[PDB]
Amino acid sequence: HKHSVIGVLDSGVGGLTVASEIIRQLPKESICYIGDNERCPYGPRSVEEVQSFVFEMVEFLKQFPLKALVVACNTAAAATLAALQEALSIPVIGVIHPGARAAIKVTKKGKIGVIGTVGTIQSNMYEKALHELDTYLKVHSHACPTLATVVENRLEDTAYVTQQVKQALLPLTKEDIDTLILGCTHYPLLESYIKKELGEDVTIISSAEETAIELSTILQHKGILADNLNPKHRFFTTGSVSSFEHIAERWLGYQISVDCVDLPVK
Amino acid sequence: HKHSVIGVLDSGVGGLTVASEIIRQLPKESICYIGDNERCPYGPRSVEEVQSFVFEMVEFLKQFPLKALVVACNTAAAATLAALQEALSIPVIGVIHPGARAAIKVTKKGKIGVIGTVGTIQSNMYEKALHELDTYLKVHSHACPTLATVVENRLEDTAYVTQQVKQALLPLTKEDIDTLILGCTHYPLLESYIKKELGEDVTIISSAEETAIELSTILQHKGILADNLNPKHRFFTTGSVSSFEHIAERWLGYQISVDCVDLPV
Ligand SMILES: N[C@H](CCC(=O)O)C(=O)O
Ligand SMILES: N[C@H](CCC(=O)O)C(=O)O
Ligand SMILES: [K+]
Ligand SMILES: [K+]
């Protein structure tokens, strides 16, 4: 396992929030990332379709020596995490359960909100994951379909972002919650807006931050942590390479290695 | 219908902070706790002695159907975690690694402080654990030998507690850290005093809170979570039963089931 990498898959660029947290909290691990930008968004797609696309990305990642797989996309995790964990022998870490687990840790009232794409919310995976750990939690799940697009295409228009965040969170402002799970790869970029809308009494949970610590926990439990003092990461996209590189530099603050890929493989 | 329990061992009553977090974050799991109050404290004891006492507690807990073992005592974990993980087939979760992992998650500057007993600090297990994950972290480790006794015997004397926390943390106020790991079972009981001494720029991590989520992560990864909607927990002590019951009631806010036990079994 000394040369093995962490495979990371996502529907596009959003997953860079997850990749950044793995790079920060597990600095000796090597990332091999694939974003299916050509078919993004997955949010409005059927479960069957999303599962087929995710398995195509897994086939691509299998060309590398994987020690573990992270499904960075909440929509993809909702639709295929169980299928992947059954199919693969390596650890498969999704972004939903780590967020639910962290919500249980920070809630004082046992009342949790979660926002995400229509696919993520309709799967009801967040409520199911939360109840598996604690049946006596009240979970309010709300789809916010306009947010990911807002993050990728209108983020500089602050007035527009504020209005869209206000509209998306109106249903939750009416509910009694003290914790909110950002159940979508893109939402960390809206954290400030969200906090302003919900208030100081609601603790925000990032899927990215919690998934990296969950991965860390599992790799160490399994005794497979890397010891590389200066790893390098590789990013792949099915869409425009220049487009991905540009957003990435904006989100990360630096340039990354990006290459094109065609799915299905071979 | 899976009847296995989570074994929890500690040097005494301090481990109730860890037990309370497991009960809160994993409400379907059943706890079987043993505190070696008759030989507490472990902090000033030799590593060989602590290892021997911990293995006696494990022999006691093995009488129950254990699905996992939590070493709630930071001093005991420092001295015996490796030995336990090698000797047992069930998952053994100590309180040190979860704290280090959480510190990496919250630090922005990569400068972490940790406090604990002399035994915990002398083992240097915190620095080793932190560096295993990230070699480029600066770790400041300081023993605070008087704090656990302060928590057990002088907590109502606020002027005294403030003075003892001030003296214990003086060396860390001189260091540049943005995160502090409470590397002892008793320190959550001093969180307010510690926050006041270090300021709002230092995020304080609880070993109990992080160990419970680490346990949760591992039980679910292994597919062994309980589904019990109303479990019951049992506590055992090698010291005075009435004394344990009294402190427990003060710390938890309610009474618990406590029985006496003799080690070695
Ligand atoms: N990455 C998706 C957001 C984008 C999409 O709809 O594909 C998610 O985390 O749910
Ligand atoms: N339980 C110990 C504190 C008490 C003792 O010294 O035994 C620890 O967490 O380090
Ligand atoms: K393509
Ligand atoms: K004194």
# chains A, B, ... in the order shown; residues from 1 in each chain; ligands from 1
>>> interface_residues(of="chain B", to="chain A", cutoff="8 Å", atoms="only C-alpha atoms", output="VMD selection string")
chain B and resid 25 to 28 98 101 to 102 104 to 105 132 to 135 209 213 to 214 216 to 218 221 225 227 229
>>> residues_near_ligand(ligand="ligand 3", cutoff="7 Å", atoms="only C-alpha atoms and all ligand atoms", output="ChimeraX atom specification")
/A:38,238-239,260-263
>>> residues_around(residues="stretch 245-249 of chain A", least_positions_apart="4", cutoff="10 Å", atoms="only C-alpha atoms", output="PDB file with N, CA and C atoms, in the first residue's frame")
ATOM      1  N   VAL A  13     -16.823  19.620 -10.529  1.00  0.00           N
ATOM      2  CA  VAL A  13     -15.838  20.384  -9.770  1.00  0.00           C
ATOM      3  C   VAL A  13     -16.181  20.496  -8.286  1.00  0.00           C
ATOM      4  N   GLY A  14     -17.460  20.377  -7.949  1.00  0.00           N
ATOM      5  CA  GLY A  14     -17.864  20.518  -6.552  1.00  0.00           C
ATOM      6  C   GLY A  14     -17.032  19.713  -5.574  1.00  0.00           C
ATOM      7  N   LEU A  16     -14.162  19.234  -5.325  1.00  0.00           N
ATOM      8  CA  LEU A  16     -12.890  19.806  -4.908  1.00  0.00           C
ATOM      9  C   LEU A  16     -12.965  20.251  -3.448  1.00  0.00           C
ATOM     10  N   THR A  17     -14.167  20.500  -2.929  1.00  0.00           N
ATOM     11  CA  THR A  17     -14.255  20.863  -1.511  1.00  0.00           C
ATOM     12  C   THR A  17     -13.817  19.669  -0.663  1.00  0.00           C
ATOM     13  N   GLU A 152     -21.600  27.667  -9.009  1.00  0.00           N
ATOM     14  CA  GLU A 152     -20.730  27.584 -10.184  1.00  0.00           C
ATOM     15  C   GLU A 152     -20.842  28.732 -11.178  1.00  0.00           C
ATOM     16  N   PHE A 235      -5.858  15.160 -11.141  1.00  0.00           N
ATOM     17  CA  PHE A 235      -7.287  15.423 -11.335  1.00  0.00           C
ATOM     18  C   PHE A 235      -7.659  15.141 -12.787  1.00  0.00           C
ATOM     19  N   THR A 237     -11.111  15.100 -15.686  1.00  0.00           N
ATOM     20  CA  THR A 237     -12.472  15.583 -15.933  1.00  0.00           C
ATOM     21  C   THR A 237     -12.967  15.115 -17.285  1.00  0.00           C
ATOM     22  N   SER A 240     -14.515  20.173 -20.195  1.00  0.00           N
ATOM     23  CA  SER A 240     -13.432  21.033 -20.634  1.00  0.00           C
ATOM     24  C   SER A 240     -12.324  21.084 -19.588  1.00  0.00           C
ATOM     25  N   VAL A 241     -11.102  20.792 -20.015  1.00  0.00           N
ATOM     26  CA  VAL A 241      -9.956  20.821 -19.127  1.00  0.00           C
ATOM     27  C   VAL A 241      -9.640  22.256 -18.712  1.00  0.00           C
ATOM     28  N   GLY A 253      -7.112  28.305  -4.847  1.00  0.00           N
ATOM     29  CA  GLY A 253      -6.121  29.347  -4.620  1.00  0.00           C
ATOM     30  C   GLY A 253      -4.806  29.008  -5.307  1.00  0.00           C
ATOM     31  N   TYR A 254      -4.778  27.892  -6.028  1.00  0.00           N
ATOM     32  CA  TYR A 254      -3.574  27.503  -6.748  1.00  0.00           C
ATOM     33  C   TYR A 254      -3.898  26.579  -7.920  1.00  0.00           C
ATOM     34  N   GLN A 255      -2.940  26.394  -8.823  1.00  0.00           N
ATOM     35  CA  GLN A 255      -3.164  25.550  -9.992  1.00  0.00           C
ATOM     36  C   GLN A 255      -2.916  24.081  -9.715  1.00  0.00           C
ATOM     37  N   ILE A 256      -3.691  23.231 -10.379  1.00  0.00           N
ATOM     38  CA  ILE A 256      -3.560  21.791 -10.203  1.00  0.00           C
ATOM     39  C   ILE A 256      -3.355  21.065 -11.532  1.00  0.00           C
ATOM     40  N   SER A 257      -2.979  19.790 -11.450  1.00  0.00           N
ATOM     41  CA  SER A 257      -2.775  18.973 -12.641  1.00  0.00           C
ATOM     42  C   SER A 257      -4.122  18.434 -13.109  1.00  0.00           C
ATOM     43  N   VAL A 258      -4.552  18.843 -14.299  1.00  0.00           N
ATOM     44  CA  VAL A 258      -5.831  18.376 -14.839  1.00  0.00           C
ATOM     45  C   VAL A 258      -5.707  17.753 -16.227  1.00  0.00           C
ATOM     46  N   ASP A 259      -6.311  16.586 -16.396  1.00  0.00           N
ATOM     47  CA  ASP A 259      -6.293  15.885 -17.680  1.00  0.00           C
ATOM     48  C   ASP A 259      -7.704  15.469 -18.085  1.00  0.00           C
TER      49      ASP A 259
END
>>> residues_near_ligand(ligand="ligand 2", cutoff="7 Å", atoms="only C-alpha atoms and all ligand atoms", output="NGL selection string")
:B and (10-12 or 14-15 or 40-44 or 72-76 or 116-117 or 120 or 148 or 183-186)
>>> residues_near_ligand(ligand="ligand 1", cutoff="6 Å", atoms="only C-alpha atoms and all ligand atoms", output="ChimeraX atom specification")
/A:10-11,14,40-43,73-75,117,148,184-185
>>> write_last_selection(atoms="N, CA and C atoms", output="mmCIF file, in the first residue's frame")
data_model
loop_
_atom_site.group_PDB
_atom_site.id
_atom_site.type_symbol
_atom_site.label_atom_id
_atom_site.label_comp_id
_atom_site.auth_asym_id
_atom_site.auth_seq_id
_atom_site.Cartn_x
_atom_site.Cartn_y
_atom_site.Cartn_z
ATOM 1 N N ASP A 10 -16.683 12.414 -8.326
ATOM 2 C CA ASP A 10 -17.696 13.441 -8.146
ATOM 3 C C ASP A 10 -18.352 13.688 -9.487
ATOM 4 N N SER A 11 -19.475 14.387 -9.477
ATOM 5 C CA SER A 11 -20.138 14.713 -10.717
ATOM 6 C C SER A 11 -19.415 15.820 -11.491
ATOM 7 N N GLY A 14 -17.460 20.377 -7.949
ATOM 8 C CA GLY A 14 -17.864 20.518 -6.552
ATOM 9 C C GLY A 14 -17.032 19.713 -5.574
ATOM 10 N N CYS A 40 -22.645 16.608 -15.563
ATOM 11 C CA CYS A 40 -23.062 17.343 -14.363
ATOM 12 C C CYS A 40 -24.191 18.262 -14.864
ATOM 13 N N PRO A 41 -25.260 18.463 -14.073
ATOM 14 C CA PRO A 41 -25.534 17.924 -12.732
ATOM 15 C C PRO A 41 -26.182 16.549 -12.636
ATOM 16 N N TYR A 42 -25.880 15.864 -11.533
ATOM 17 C CA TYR A 42 -26.477 14.578 -11.227
ATOM 18 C C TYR A 42 -27.746 14.781 -10.401
ATOM 19 N N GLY A 43 -27.841 15.936 -9.753
ATOM 20 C CA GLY A 43 -28.967 16.197 -8.872
ATOM 21 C C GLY A 43 -30.348 15.875 -9.393
ATOM 22 N N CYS A 73 -19.445 13.188 -4.071
ATOM 23 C CA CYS A 73 -20.733 13.758 -4.476
ATOM 24 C C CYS A 73 -21.862 13.207 -3.606
ATOM 25 N N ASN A 74 -22.614 14.096 -2.945
ATOM 26 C CA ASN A 74 -23.708 13.641 -2.092
ATOM 27 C C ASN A 74 -24.795 12.956 -2.917
ATOM 28 N N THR A 75 -25.059 13.460 -4.131
ATOM 29 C CA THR A 75 -26.079 12.867 -5.012
ATOM 30 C C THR A 75 -25.671 11.453 -5.432
ATOM 31 N N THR A 117 -29.335 18.349 -3.086
ATOM 32 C CA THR A 117 -30.043 18.274 -4.370
ATOM 33 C C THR A 117 -31.328 17.477 -4.230
ATOM 34 N N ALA A 148 -26.417 24.812 -6.171
ATOM 35 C CA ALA A 148 -25.162 24.395 -6.799
ATOM 36 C C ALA A 148 -24.881 25.211 -8.070
ATOM 37 N N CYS A 184 -24.325 18.819 0.123
ATOM 38 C CA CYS A 184 -23.989 19.015 -1.283
ATOM 39 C C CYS A 184 -22.552 19.550 -1.324
ATOM 40 N N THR A 185 -21.792 19.092 -2.320
ATOM 41 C CA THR A 185 -20.398 19.487 -2.489
ATOM 42 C C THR A 185 -20.192 20.987 -2.598
#
>>> residues_around(residues="stretch 250-260 of chain B", least_positions_apart="5", cutoff="10 Å", atoms="only C-alpha atoms", output="list in words")
residues 13, 14, 16, 17, 19, 20, 33, 34, 35, 189, 232, 233, 234, 235, 236, 237, 238, 239, 240, 241, 242, 244 and 245 of chain B
>>> closest_residue(among="A:187, A:64, A:160, A:53", to="residue A:37", atoms="only C-alpha atoms")
A:53
>>> atom_distance(atom1="atom CA of residue A:123", atom2="atom CA of residue A:140")
13.5 Å
>>> residues_near_ligand(ligand="ligand 4", cutoff="12 Å", atoms="only C-alpha atoms and all ligand atoms", output="list in words")
residues 146, 147, 149, 150, 153, 154, 157, 159, 160, 161, 163, 164 and 167 of chain B
>>> select_by_dssp(residues="stretch 141-251 of chain B", states="alpha helix (DSSP H)", output="number ranges by chain")
B: 147-153, 158-173, 191-198, 207-221, 241-251
>>> closest_residue(among="B:106, B:5, B:88, B:208", to="residue B:64", atoms="only C-alpha atoms")
B:5
>>> select_by_dssp(residues="stretch 106-187 of chain A", states="strand (DSSP E or B)", output="PyMOL selection string")
chain A and resi 111-116+138-143+179-183
>>> write_last_selection(atoms="N, CA and C atoms", output="JSON list (two decimals), in the first residue's frame")
[["chain", "number", "residue", "atom", "x", "y", "z"],
["A", 111, "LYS", "N", -32.37, 17.98, 16.87],
["A", 111, "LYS", "CA", -33.20, 18.48, 15.77],
["A", 111, "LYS", "C", -32.22, 18.95, 14.71],
["A", 112, "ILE", "N", -32.20, 18.23, 13.60],
["A", 112, "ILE", "CA", -31.22, 18.45, 12.55],
["A", 112, "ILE", "C", -31.81, 18.77, 11.19],
["A", 113, "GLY", "N", -31.28, 19.80, 10.53],
["A", 113, "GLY", "CA", -31.75, 20.09, 9.19],
["A", 113, "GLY", "C", -30.70, 19.59, 8.19],
["A", 114, "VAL", "N", -31.10, 19.32, 6.96],
["A", 114, "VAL", "CA", -30.12, 18.97, 5.93],
["A", 114, "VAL", "C", -30.66, 19.43, 4.60],
["A", 115, "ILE", "N", -29.77, 20.01, 3.80],
["A", 115, "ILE", "CA", -30.11, 20.55, 2.49],
["A", 115, "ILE", "C", -29.24, 19.89, 1.43],
["A", 116, "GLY", "N", -29.78, 19.77, 0.22],
["A", 116, "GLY", "CA", -29.01, 19.12, -0.83],
["A", 116, "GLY", "C", -29.81, 19.10, -2.10],
["A", 138, "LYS", "N", -35.11, 14.37, 15.26],
["A", 138, "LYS", "CA", -36.08, 14.94, 14.35],
["A", 138, "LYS", "C", -35.22, 15.49, 13.21],
["A", 139, "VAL", "N", -35.51, 15.05, 11.99],
["A", 139, "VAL", "CA", -34.73, 15.45, 10.82],
["A", 139, "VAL", "C", -35.61, 16.17, 9.82],
["A", 140, "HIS", "N", -35.17, 17.36, 9.41],
["A", 140, "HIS", "CA", -35.91, 18.14, 8.42],
["A", 140, "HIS", "C", -35.04, 18.19, 7.18],
["A", 141, "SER", "N", -35.51, 17.58, 6.09],
["A", 141, "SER", "CA", -34.75, 17.49, 4.85],
["A", 141, "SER", "C", -35.39, 18.34, 3.76],
["A", 142, "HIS", "N", -34.60, 19.27, 3.19],
["A", 142, "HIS", "CA", -35.10, 20.20, 2.17],
["A", 142, "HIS", "C", -34.21, 20.35, 0.93],
["A", 143, "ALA", "N", -34.77, 20.09, -0.24],
["A", 143, "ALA", "CA", -34.01, 20.21, -1.49],
["A", 143, "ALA", "C", -33.83, 21.70, -1.81],
["A", 179, "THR", "N", -28.80, 22.37, 14.18],
["A", 179, "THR", "CA", -27.70, 21.83, 13.38],
["A", 179, "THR", "C", -28.16, 21.75, 11.92],
["A", 180, "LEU", "N", -27.28, 22.07, 10.96],
["A", 180, "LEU", "CA", -27.64, 21.99, 9.54],
["A", 180, "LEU", "C", -26.50, 21.31, 8.80],
["A", 181, "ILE", "N", -26.81, 20.22, 8.11],
["A", 181, "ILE", "CA", -25.80, 19.53, 7.31],
["A", 181, "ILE", "C", -25.81, 20.08, 5.89],
["A", 182, "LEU", "N", -24.65, 20.53, 5.41],
["A", 182, "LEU", "CA", -24.53, 20.99, 4.03],
["A", 182, "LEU", "C", -24.36, 19.72, 3.17],
["A", 183, "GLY", "N", -25.49, 19.15, 2.76],
["A", 183, "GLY", "CA", -25.51, 17.91, 2.01],
["A", 183, "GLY", "C", -25.28, 17.99, 0.51]]
>>> residues_around(residues="stretch 154-157 of chain A", least_positions_apart="3", cutoff="12 Å", atoms="only C-alpha atoms", output="PyMOL selection string")
chain A and resi 146-151+160-165+186-187+189-190+193+247+250-251
>>> residues_around(residues="residue A:65", least_positions_apart="6", cutoff="9 Å", atoms="only C-alpha atoms", output="list in words")
residues 1, 3, 4, 5, 6 and 7 of chain A
>>> closest_residue(among="A:109, A:166, A:234, A:39", to="residue A:194", atoms="only C-alpha atoms")
A:166
>>> closest_residue(among="A:20, A:30, A:46, A:63", to="residue A:122", atoms="only C-alpha atoms")
A:46
>>> decode(residues="stretch 69-179 of chain A", atoms="C-alpha atoms", output="PDB file, in the first residue's frame")
ATOM      1  CA  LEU A  69     -12.596   5.198  -2.696  1.00  0.00           C
ATOM      2  CA  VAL A  70     -14.327   8.433  -1.635  1.00  0.00           C
ATOM      3  CA  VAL A  71     -17.696   9.272  -3.223  1.00  0.00           C
ATOM      4  CA  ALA A  72     -17.371  13.004  -2.845  1.00  0.00           C
ATOM      5  CA  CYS A  73     -20.733  13.758  -4.476  1.00  0.00           C
ATOM      6  CA  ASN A  74     -23.708  13.641  -2.092  1.00  0.00           C
ATOM      7  CA  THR A  75     -26.079  12.867  -5.012  1.00  0.00           C
ATOM      8  CA  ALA A  76     -23.849  10.037  -6.198  1.00  0.00           C
ATOM      9  CA  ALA A  77     -23.495   8.699  -2.657  1.00  0.00           C
ATOM     10  CA  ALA A  78     -27.254   8.709  -2.122  1.00  0.00           C
ATOM     11  CA  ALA A  79     -27.765   6.732  -5.286  1.00  0.00           C
ATOM     12  CA  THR A  80     -24.929   4.221  -5.211  1.00  0.00           C
ATOM     13  CA  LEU A  81     -22.981   4.008  -1.957  1.00  0.00           C
ATOM     14  CA  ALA A  82     -24.556   0.682  -0.954  1.00  0.00           C
ATOM     15  CA  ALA A  83     -23.944  -0.778  -4.404  1.00  0.00           C
ATOM     16  CA  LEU A  84     -20.302   0.296  -4.345  1.00  0.00           C
ATOM     17  CA  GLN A  85     -19.583  -0.985  -0.843  1.00  0.00           C
ATOM     18  CA  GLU A  86     -20.995  -4.345  -1.884  1.00  0.00           C
ATOM     19  CA  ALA A  87     -19.098  -4.482  -5.190  1.00  0.00           C
ATOM     20  CA  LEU A  88     -15.634  -3.360  -4.038  1.00  0.00           C
ATOM     21  CA  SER A  89     -13.257  -4.948  -1.550  1.00  0.00           C
ATOM     22  CA  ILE A  90     -11.504  -1.679  -0.658  1.00  0.00           C
ATOM     23  CA  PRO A  91     -13.054   0.784   1.841  1.00  0.00           C
ATOM     24  CA  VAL A  92     -15.628   3.056   0.194  1.00  0.00           C
ATOM     25  CA  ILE A  93     -16.362   6.265   2.123  1.00  0.00           C
ATOM     26  CA  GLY A  94     -19.363   8.383   1.132  1.00  0.00           C
ATOM     27  CA  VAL A  95     -20.021  11.974   2.157  1.00  0.00           C
ATOM     28  CA  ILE A  96     -23.447  11.398   3.737  1.00  0.00           C
ATOM     29  CA  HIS A  97     -22.722   9.232   6.792  1.00  0.00           C
ATOM     30  CA  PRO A  98     -19.786  11.336   8.018  1.00  0.00           C
ATOM     31  CA  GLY A  99     -22.061  14.401   7.954  1.00  0.00           C
ATOM     32  CA  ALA A 100     -24.848  12.588   9.846  1.00  0.00           C
ATOM     33  CA  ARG A 101     -22.350  11.357  12.443  1.00  0.00           C
ATOM     34  CA  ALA A 102     -20.989  14.853  13.012  1.00  0.00           C
ATOM     35  CA  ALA A 103     -24.540  16.230  13.298  1.00  0.00           C
ATOM     36  CA  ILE A 104     -25.234  13.797  16.165  1.00  0.00           C
ATOM     37  CA  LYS A 105     -22.027  14.974  17.846  1.00  0.00           C
ATOM     38  CA  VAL A 106     -22.905  18.689  17.726  1.00  0.00           C
ATOM     39  CA  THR A 107     -26.670  18.735  18.256  1.00  0.00           C
ATOM     40  CA  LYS A 108     -27.907  19.601  21.707  1.00  0.00           C
ATOM     41  CA  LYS A 109     -31.659  19.384  20.899  1.00  0.00           C
ATOM     42  CA  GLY A 110     -31.625  16.403  18.561  1.00  0.00           C
ATOM     43  CA  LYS A 111     -33.200  18.479  15.766  1.00  0.00           C
ATOM     44  CA  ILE A 112     -31.224  18.451  12.549  1.00  0.00           C
ATOM     45  CA  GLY A 113     -31.749  20.093   9.189  1.00  0.00           C
ATOM     46  CA  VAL A 114     -30.122  18.966   5.932  1.00  0.00           C
ATOM     47  CA  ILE A 115     -30.114  20.554   2.487  1.00  0.00           C
ATOM     48  CA  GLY A 116     -29.006  19.124  -0.828  1.00  0.00           C
ATOM     49  CA  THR A 117     -30.043  18.274  -4.370  1.00  0.00           C
ATOM     50  CA  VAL A 118     -33.399  16.813  -5.222  1.00  0.00           C
ATOM     51  CA  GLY A 119     -31.768  13.401  -5.730  1.00  0.00           C
ATOM     52  CA  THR A 120     -30.027  13.526  -2.358  1.00  0.00           C
ATOM     53  CA  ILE A 121     -33.117  14.595  -0.484  1.00  0.00           C
ATOM     54  CA  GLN A 122     -35.535  12.248  -2.267  1.00  0.00           C
ATOM     55  CA  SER A 123     -33.339   9.238  -1.392  1.00  0.00           C
ATOM     56  CA  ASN A 124     -34.002  10.057   2.280  1.00  0.00           C
ATOM     57  CA  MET A 125     -30.529   8.698   3.038  1.00  0.00           C
ATOM     58  CA  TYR A 126     -29.796  11.428   5.578  1.00  0.00           C
ATOM     59  CA  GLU A 127     -32.856  10.641   7.693  1.00  0.00           C
ATOM     60  CA  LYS A 128     -32.142   6.921   7.382  1.00  0.00           C
ATOM     61  CA  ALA A 129     -28.494   7.336   8.378  1.00  0.00           C
ATOM     62  CA  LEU A 130     -29.348   9.571  11.291  1.00  0.00           C
ATOM     63  CA  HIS A 131     -32.039   7.226  12.595  1.00  0.00           C
ATOM     64  CA  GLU A 132     -29.771   4.228  12.322  1.00  0.00           C
ATOM     65  CA  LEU A 133     -27.593   5.862  14.977  1.00  0.00           C
ATOM     66  CA  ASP A 134     -30.383   7.493  17.013  1.00  0.00           C
ATOM     67  CA  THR A 135     -34.036   6.797  16.370  1.00  0.00           C
ATOM     68  CA  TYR A 136     -35.105   9.786  18.517  1.00  0.00           C
ATOM     69  CA  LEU A 137     -33.858  12.587  16.304  1.00  0.00           C
ATOM     70  CA  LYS A 138     -36.084  14.941  14.349  1.00  0.00           C
ATOM     71  CA  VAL A 139     -34.730  15.453  10.823  1.00  0.00           C
ATOM     72  CA  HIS A 140     -35.909  18.145   8.421  1.00  0.00           C
ATOM     73  CA  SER A 141     -34.746  17.493   4.848  1.00  0.00           C
ATOM     74  CA  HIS A 142     -35.096  20.201   2.171  1.00  0.00           C
ATOM     75  CA  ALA A 143     -34.007  20.213  -1.492  1.00  0.00           C
ATOM     76  CA  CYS A 144     -32.296  23.459  -2.641  1.00  0.00           C
ATOM     77  CA  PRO A 145     -32.071  22.883  -6.424  1.00  0.00           C
ATOM     78  CA  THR A 146     -30.777  26.357  -7.350  1.00  0.00           C
ATOM     79  CA  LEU A 147     -27.802  26.472  -5.054  1.00  0.00           C
ATOM     80  CA  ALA A 148     -25.162  24.395  -6.799  1.00  0.00           C
ATOM     81  CA  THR A 149     -25.731  26.257 -10.089  1.00  0.00           C
ATOM     82  CA  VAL A 150     -25.562  29.534  -8.183  1.00  0.00           C
ATOM     83  CA  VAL A 151     -22.187  28.516  -6.782  1.00  0.00           C
ATOM     84  CA  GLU A 152     -20.730  27.584 -10.184  1.00  0.00           C
ATOM     85  CA  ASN A 153     -22.211  30.395 -12.266  1.00  0.00           C
ATOM     86  CA  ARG A 154     -23.364  33.394 -10.234  1.00  0.00           C
ATOM     87  CA  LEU A 155     -21.157  33.475  -7.145  1.00  0.00           C
ATOM     88  CA  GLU A 156     -19.815  36.969  -7.845  1.00  0.00           C
ATOM     89  CA  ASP A 157     -23.365  38.383  -7.958  1.00  0.00           C
ATOM     90  CA  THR A 158     -23.732  38.719  -4.182  1.00  0.00           C
ATOM     91  CA  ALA A 159     -27.209  40.258  -4.287  1.00  0.00           C
ATOM     92  CA  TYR A 160     -28.402  37.305  -6.359  1.00  0.00           C
ATOM     93  CA  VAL A 161     -26.664  34.787  -4.113  1.00  0.00           C
ATOM     94  CA  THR A 162     -28.232  36.343  -1.023  1.00  0.00           C
ATOM     95  CA  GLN A 163     -31.708  36.181  -2.571  1.00  0.00           C
ATOM     96  CA  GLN A 164     -31.285  32.590  -3.705  1.00  0.00           C
ATOM     97  CA  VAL A 165     -29.963  31.476  -0.317  1.00  0.00           C
ATOM     98  CA  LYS A 166     -32.866  33.311   1.382  1.00  0.00           C
ATOM     99  CA  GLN A 167     -35.396  31.563  -0.839  1.00  0.00           C
ATOM    100  CA  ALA A 168     -33.787  28.152  -0.478  1.00  0.00           C
ATOM    101  CA  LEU A 169     -33.615  28.286   3.326  1.00  0.00           C
ATOM    102  CA  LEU A 170     -37.036  29.823   3.999  1.00  0.00           C
ATOM    103  CA  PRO A 171     -38.560  26.407   4.818  1.00  0.00           C
ATOM    104  CA  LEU A 172     -35.836  25.706   7.401  1.00  0.00           C
ATOM    105  CA  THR A 173     -36.114  29.115   9.066  1.00  0.00           C
ATOM    106  CA  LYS A 174     -39.603  27.949  10.075  1.00  0.00           C
ATOM    107  CA  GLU A 175     -38.320  24.772  11.666  1.00  0.00           C
ATOM    108  CA  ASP A 176     -36.762  24.196  15.043  1.00  0.00           C
ATOM    109  CA  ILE A 177     -33.219  22.934  14.346  1.00  0.00           C
ATOM    110  CA  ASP A 178     -29.862  23.603  15.982  1.00  0.00           C
ATOM    111  CA  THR A 179     -27.697  21.832  13.377  1.00  0.00           C
TER     112      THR A 179
END
